[PDB]
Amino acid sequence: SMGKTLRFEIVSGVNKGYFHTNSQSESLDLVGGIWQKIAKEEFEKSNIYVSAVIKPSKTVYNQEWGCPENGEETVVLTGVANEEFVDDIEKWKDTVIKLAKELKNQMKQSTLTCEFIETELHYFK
């Protein structure tokens, strides 16, 4: 593998007071379910399924701007555009952006980051 592809990374808060969750495991399950829901909805329209690897985390920023002491509970979502599944990388990028905005809405987040990083994918099967 010498050609390049992309990976995305999204950082989202988990809004435990709105969703009535009380643990990292509950937040991961919630984000997993929401992502599965919206990713399937977009797959049905475009044949692009943005699968995601989601990790528990906390995000540390200024207490003045709303951060709890020691950090806000967050989830990181990351995923590669696998060339075996993705014909059109620009259409995949548009789909990730669409889903990131929808995740922001579903999670009731005020702001949200979505990054694209160049990567060289070796796929073992």
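By rigid core we mean the largest C-alpha set that fits within 1.5 Å across both forms. Quick note: we count residues from 1 along the sequence shown, nothing fancier.
**Student:** Fitting on the core, do the C-alphas of 42 to 50 or of 63 to 71 deviate more in 5 other deposited structures of this protein?
**Tutor:** It is 63 to 71 whose C-alphas lie farther from the shown form in 5 other deposited structures of this protein.
**Student:** Between 115 to 123 and 1 to 9, which has the larger average Cα B-factor in the PDB entry?
**Tutor:** The stretch with the larger average C-alpha B-factor is 1 to 9.
**Student:** Which has the higher mean CA temperature factor in the PDB entry, 84 to 92 or 59 to 67?
**Tutor:** Taking the mean B-factor of the alpha carbons in each, 84 to 92 is higher.
**Student:** State the tercile, meaning the lowest, middle or highest third, of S51 with respect to the CA B-factors recorded for its chain.
**Tutor:** For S51, whose C-alpha B-factor we compare with every modelled residue in the chain, the answer is the lowest third.
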